[PDB]
Amino acid sequence: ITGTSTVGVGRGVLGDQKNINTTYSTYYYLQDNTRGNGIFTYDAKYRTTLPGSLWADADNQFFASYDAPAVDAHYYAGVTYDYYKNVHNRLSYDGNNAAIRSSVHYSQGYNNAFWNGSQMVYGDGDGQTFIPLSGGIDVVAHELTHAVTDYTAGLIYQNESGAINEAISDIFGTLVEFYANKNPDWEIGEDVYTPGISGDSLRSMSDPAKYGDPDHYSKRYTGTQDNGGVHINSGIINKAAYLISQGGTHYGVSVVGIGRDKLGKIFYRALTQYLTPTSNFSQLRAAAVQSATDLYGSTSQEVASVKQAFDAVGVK
Ligand SMILES: [Ca+2]
Ligand SMILES: [Ca+2]
Ligand SMILES: [Ca+2]
Ligand SMILES: [Ca+2]
Ligand SMILES: [Zn+2]
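Numbering of the sequence shown is given in the deposited numbering, commencing with residue 1 and proceeding in unit increments.
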């Protein structure tokens with residue numbers, strides 16, 4: 001809507017206070033005009049109809065429990081936009097400042113969040129398995145990254161290409177978590193997963209096997225469930241990414257870590273310049289090696305580490 005840009009205050013899912021950009025026109029709306037064509041957050045009111053109604057508030061204060069998921073979805077979409085703009089010089093997910101829209105309170109007891117090709121959608125969780133999913137910055141960044149992938153490589157959500165699609169979202173979801181310096185780690189969804197159990201997460205990039213996910217190509221899932229194991233086989237790529245950044249010895253293969261910043265630069269270039277809709281693991285390796293070569297030279301330590309990491313997870 002058309003109005004005056006202002007700043008409100010609220011509390012997120014985890015009870016932390018934060019300032020959020022809003023727009024005033026009779027009501028205060030969750031519309032951030034400071035980033036690209038804007039960030040808009042909607043209330044799905046427990047229904048499955050999208051996007052719902054643009055979030056309206058009477059006093060620009062968002063401290064009600066019902067407001068929490070909206071506060072975080074709005075705020076973290078902003079942080080993710082900042083990450084892509086400041087670190088990769090990319091304006092929004094399409095590279096042309098496309099408006100970012102999110103709907104919260106989707107359905108009832110919905111234990112998931114997703115990018116549907118047009119916008120982000122967040123369930124509130126059932127309170128046991130998950131609490132409102134927008135409370136996890138890595139989750140928000142994971143989903144928005146699917147938008148970036150859709151507009152670039154266009155990886156099909158099936159089999160190996162789908163696993164790469166998922167891994168890319170986990171990788172950048174984690175890099176954004178580090179960017180915001182919000183208790184960063186290499187785990188996925190730890191802030192909103194199982195509130196009654198501490199120390200766990202949905203997936204682990206440092207050790208995928210901790211939750212039963214493969215950490216080597218020889219252990220890849222070849223079934224048909226989960227669209228060919230897109231959330232399962234992603235562990236193979238996630239482990240490779242973790243090794244490239246942090247280093248370590250995996251299955252007898254040693255990798256010298258090159259850091260998170262270079263990891264991000266290498267994968268962003270691979271994603272935007274070399275990957276295609278049907279790229280498989282072997283092609284991702286080639287794309288990553290070529291990207292590191294473009295950026296640091298064929299005889300660089302960076303290229304060596306990328307090769308070692310993929311060798312460690314068995315991807316030739
Ligand atoms: Ca209010
Ligand atoms: Ca964390
Ligand atoms: Ca995390
Ligand atoms: Ca937990
Ligand atoms: Zn995903």
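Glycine included, every Cβ here is placed at the ideal spot set by N, Cα and C.
If the criterion is Cβ atoms closer than 9 angstroms, does the pair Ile-171 and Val-79 meet it?
Here residue 171 corresponds to residue number 171 of the sequence shown, with the count starting at 1. Here residue 79 corresponds to residue number 79 of the sequence shown, with the count starting at 1. In this structure, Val-79 does not lie closer than 9 angstroms to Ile-171 by Cβ.
Does the Cβ-Cβ distance between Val-148 and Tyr-93 come in under 9 angstroms?
Here residue 148 is taken as the residue at index 148 of the sequence shown, counted from 1. Here residue 93 is taken as the residue at index 93 of the sequence shown, counted from 1. Yes, Cβ-Cβ distance for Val-148 and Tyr-93 is below 9 angstroms.
Through-space distance from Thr-2 to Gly-196, alpha-carbon basis:
In the sequence shown, the residue the question calls residue 196 occupies position 196. In the sequence shown, the residue the question calls residue 2 occupies position 2. Each residue's Cα considered, the two are about 43 angstroms apart.
Measuring only from the beta carbon, is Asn-60 closer than 8 angstroms to any heavy atom that is part of ligand 1?
Along the sequence shown, read from residue 1 onward, the residue named residue 60 stands at position 60. Indeed, a heavy atom of ligand 1 lies less than 8 angstroms from the Cβ.
Is any heavy atom of ligand 3 found at a distance shorter than 8 angstroms from the C-beta of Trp-186?
For the purposes of this step, residue 186 is identified with residue 186 of the sequence shown, where counting begins at 1. Flag set: Cβ of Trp-186 near ligand 3.
Beta-carbon within less than 7 angstroms of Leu-14's beta-carbon, same chain only, minus the 5 sequence neighbours each way: which residues are those?
To locate residue 14, count along the sequence shown from 1; it is residue 14. So the qualifying residues of the chain are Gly-135 and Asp-191.
Nonlocal neighbours in the same chain, by C-beta distance under 8 angstroms from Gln-246, ignoring five residues either side
Here residue 246 refers to the residue found at position 246 of the sequence shown. The residues are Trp-186, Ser-206 and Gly-257.
Helix, strand or coil at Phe-40 according to DSSP, with G and I counted as helix:
By 1-based counting over the sequence shown, the position of residue 40 is 40. Note: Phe-40 maps to strand in three-state DSSP.
Would you kindly report the start and end of the unbroken alpha helix (DSSP H) that includes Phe-267?
The count along the sequence shown starts at 1 and reaches residue 267 at position 267. Looking at the DSSP string, the run of the alpha helix (DSSP H) that includes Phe-267 is 260-269.
How is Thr-293 classed by DSSP in three states: helix, strand or coil?
As a first step, residue 293 must be located in the sequence shown, where it is residue number 293. Looking at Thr-293 - three-state DSSP - the assignment turns out to be helix.
For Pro-208, count neighbouring Cβ atoms within 10 angstroms of its own Cβ and tell me buried if that reaches 16, exposed if not.
The count along the sequence shown starts at 1 and reaches residue 208 at position 208. Its Cβ being crowded by 16 or more others within 10 Å, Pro-208 is buried.
Within this structure, are the beta carbons of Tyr-274 and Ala-312 separated by less than 9 angstroms?
Locating residue 274 in the sequence shown gives position 274, where the first residue counts as 1. Locating residue 312 in the sequence shown gives position 312, where the first residue counts as 1. The answer is no: Cβ separation not under 9 angstroms.
If I follow the unbroken alpha helix (DSSP H) through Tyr-242, where does it start and stop?
On the sequence shown, residue 242 is found 242 positions in, with the first residue counted as 1. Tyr-242 -> alpha helix (DSSP H) spans 234-246.
Could you check which residue in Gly-173, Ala-304, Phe-267 and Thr-249 has the C-alpha nearest to that of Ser-291?
Here residue 291 refers to the residue found at position 291 when the sequence shown is read from its first residue. Closest by alpha carbon: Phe-267.
Give a single yes or no on whether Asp-57 has its beta carbon closer than 8 angstroms to a heavy atom of ligand 1.
One-based indexing of the sequence shown puts residue 57 at position 57. The answer is yes for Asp-57.
Could you compute how far the alpha carbon of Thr-222 sits from the alpha carbon of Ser-279?
Taking the sequence shown and counting its residues from 1, the one referred to as residue 222 is at position 222. Taking the sequence shown and counting its residues from 1, the one referred to as residue 279 is at position 279. The alpha-carbon atoms of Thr-222 and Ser-279 are separated by roughly 17 angstroms.
Beta-carbon spacing of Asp-150, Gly-109 below 9 angstroms
Within the sequence shown, the letter at position 150 stands for residue 150. Within the sequence shown, the letter at position 109 stands for residue 109. No; because the gap between Cβ atoms is not below 9 angstroms, this pair is not in contact.
Tell me whether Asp-72 is buried or exposed, calling it buried when 16 or more other Cβ atoms sit within 10 Å of its Cβ.
Taking the first residue of the sequence shown as 1, we reach residue 72 at position 72. With 16 or more other Cβ atoms within 10 Å, it is buried.
Are there 16 or more other CB atoms within 10 angstroms of the CB of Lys-316, so buried, or fewer, so exposed?
Taking the sequence shown and counting its residues from 1, the one referred to as residue 316 is at position 316. It counts as exposed.
Strictly by DSSP, which residues pair up with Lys-18?
What you label residue 18 is simply residue 18 of the sequence shown in a count that begins at 1. Per DSSP, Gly-10.
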